[PDB]
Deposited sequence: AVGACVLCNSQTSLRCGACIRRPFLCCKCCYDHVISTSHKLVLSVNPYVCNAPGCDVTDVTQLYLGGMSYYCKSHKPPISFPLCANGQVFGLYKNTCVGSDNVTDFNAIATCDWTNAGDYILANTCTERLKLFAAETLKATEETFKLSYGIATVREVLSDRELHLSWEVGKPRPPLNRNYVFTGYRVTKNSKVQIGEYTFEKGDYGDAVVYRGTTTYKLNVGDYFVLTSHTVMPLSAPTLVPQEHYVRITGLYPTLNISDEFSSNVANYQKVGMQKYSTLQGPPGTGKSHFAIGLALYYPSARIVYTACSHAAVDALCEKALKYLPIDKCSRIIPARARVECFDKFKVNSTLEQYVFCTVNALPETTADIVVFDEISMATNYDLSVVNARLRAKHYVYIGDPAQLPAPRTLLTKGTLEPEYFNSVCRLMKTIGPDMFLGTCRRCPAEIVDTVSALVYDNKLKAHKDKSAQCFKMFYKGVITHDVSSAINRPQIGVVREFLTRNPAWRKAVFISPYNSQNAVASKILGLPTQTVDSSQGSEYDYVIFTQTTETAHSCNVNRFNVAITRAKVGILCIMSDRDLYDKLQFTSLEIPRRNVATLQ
């Protein structure tokens, strides 16, 4: 009931009862909150409400101090002090941006912009509130009950009328009921039970709300710059394979935190595992938001790091199938591969945070709060995709507002830039280099002359809100007959429903652009599907076409992105 002020850090008992994270505000500022905002409830030991029986006045502006207790203008004694006056609110030890964070609903991009252009404690308040707000919204959705089970991987569902029905995708993980997490992919719909169990008629699923914990630690600890490699011990036998990264590996030592912008296929994974071989005594924790991104740093470790000092930290409530080749849940191994949401309380010589574009400031804080370390390494690309902000429906989130790392990368540059794409045909590298990397990204590979674009708007249908374009799938059918080499291509689109249909018609494996991020395939077929803000997002486009090692076919809906593709145009 006693704490410090989440603007100035002055000691107070004054929380805001109105704010969803009951923040401890100082007297001068708790005033400037309640007189600016609809927020009028103030707490301390006991609530600032009128003590007169049957009186409902809780607005601190309408309240007074009468002896030891509080009352309204209708109930105060003659000797009484107004709680709200002299620019302060009476409390123990006796802003715009703080108001906006407290009061906003997180449906606008300007709410996320502010939550990344503010002070560090506000960012934590913001991140807490947002996640808080995110969670409380999940309740508002309608339960889904199994009517009948068609087969092993399909069924039909009955919804609770009144409350809305959330969109069926691989982006909305339900909790079945306690028969493990499930998901839904396009009556006939698919039921993806992460735990193998015979689906019972009557049983229900719910979007379970993992409660928001408060944030102690900042997003970014303060930066520290040294004269020499503090706390680590470098070799000079570092295999030529990692010789390019030595000046940067030394930068990692002569700094507290370091930021690496690596465009697709420029050797992030390689650099991370290569930091262990250069500081080979060092205990390292490898962390990223997703099981896939951690499972990626595991594969690039199996190859170069001794398998005996590697533990894949699995959360005891196991989500989806994971990395096996390591010892499971050995916290104190030299090498620890763990999702941010499963990080144990520990310390380390180096922490590498990978896929930083996908980090929420929450995620940045949780990592700092579970890991005290000599050197923090933040690896990814603000030109790739951020974490989906499910409440955001109005405006676009620019990369300089993804989190504090991305904001740094976009304003004063990253510390270190991997400037050579080794994965992609030069047609792709040349395209994204101009589109999102101010031409600073260079192609190692030659043009493949296997990169094709076709402008074909086709016909957009919608399965609820997810888009389909059958004509664009029909153009890909025609192309596959004339290009049998592409029979092994991964089909990629910005939409699950399109993928659902292309699966059934083409027979190719299927991937949304967002789930393609971090992966690579010889041959990619991309149907843009629609001409929306979603399907024309330059970061999503960037990711989509930089999945390809050898060839890509882009069926485009957007003239601009179509013209920008430095590919051979096909005809039909």
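Coordinate coverage of the deposited sequence breaks at 95-102, 186-193, 203-206, 593-601, these segments carrying no C-alpha atoms.
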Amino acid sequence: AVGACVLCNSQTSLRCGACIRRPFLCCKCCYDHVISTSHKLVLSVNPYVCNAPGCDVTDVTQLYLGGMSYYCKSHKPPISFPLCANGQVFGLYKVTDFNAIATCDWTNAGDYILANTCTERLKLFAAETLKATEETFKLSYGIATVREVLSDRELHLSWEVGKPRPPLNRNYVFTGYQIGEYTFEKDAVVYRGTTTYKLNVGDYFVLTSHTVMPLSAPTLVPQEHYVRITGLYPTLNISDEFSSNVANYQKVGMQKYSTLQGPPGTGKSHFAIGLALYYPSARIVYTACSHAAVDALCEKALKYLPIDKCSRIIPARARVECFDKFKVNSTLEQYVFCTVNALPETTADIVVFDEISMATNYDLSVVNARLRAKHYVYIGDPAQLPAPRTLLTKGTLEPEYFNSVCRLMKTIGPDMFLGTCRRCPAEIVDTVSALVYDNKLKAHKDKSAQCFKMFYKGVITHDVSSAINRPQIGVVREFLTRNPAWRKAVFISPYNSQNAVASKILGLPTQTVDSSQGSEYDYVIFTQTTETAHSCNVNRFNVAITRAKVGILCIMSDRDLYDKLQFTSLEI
From here on, numbers count along this sequence of modelled residues.
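Under this definition, the rigid core comprises the largest set of C-alpha atoms superposing within 1.5 Å between the forms.
Comparing 452-460 with 205-213 by root mean square Cα distance to the shown form in 9 other deposited structures of this protein, with the rigid core used for the fit, gives 205-213 as the more displaced stretch. Fitting each structure in 9 other deposited structures of this protein onto the rigid core and averaging C-alpha distances over structures and residues, 164-172 emerges as the more displaced of 412-420 and 164-172. Across the other PDB entries of this protein whose models span the neighbouring residues, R319 goes unmodelled in a third or more. Mean C-alpha B-factor is higher over 144-152 than over the other stretch, the pair under comparison being 144-152 and 257-265. 283-291 and 203-211 differ in mean CA B-factor, and the higher of the two is recorded for 203-211. Annotation for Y437, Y112, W486, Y226: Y226 ranks highest, by Cα B-factor. Per the PDB entry, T194 shows the highest C-alpha temperature factor of the residues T194, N469, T129, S404.
Sorting the modelled residues of the chain by their CA temperature factor places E134 in the middle third. Ranked within its chain, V513 lands in the lowest third, by CA B factor from the PDB record.
In the PDB entry, a CA B factor belonging to the highest third of its chain's modelled residues is recorded for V95.
When the modelled residues of the chain are ordered by their C-alpha B factor, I552 lands in the lowest third.
Annotation for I545: C-alpha temperature factor in the lowest third relative to the rest of the modelled chain, per the entry.
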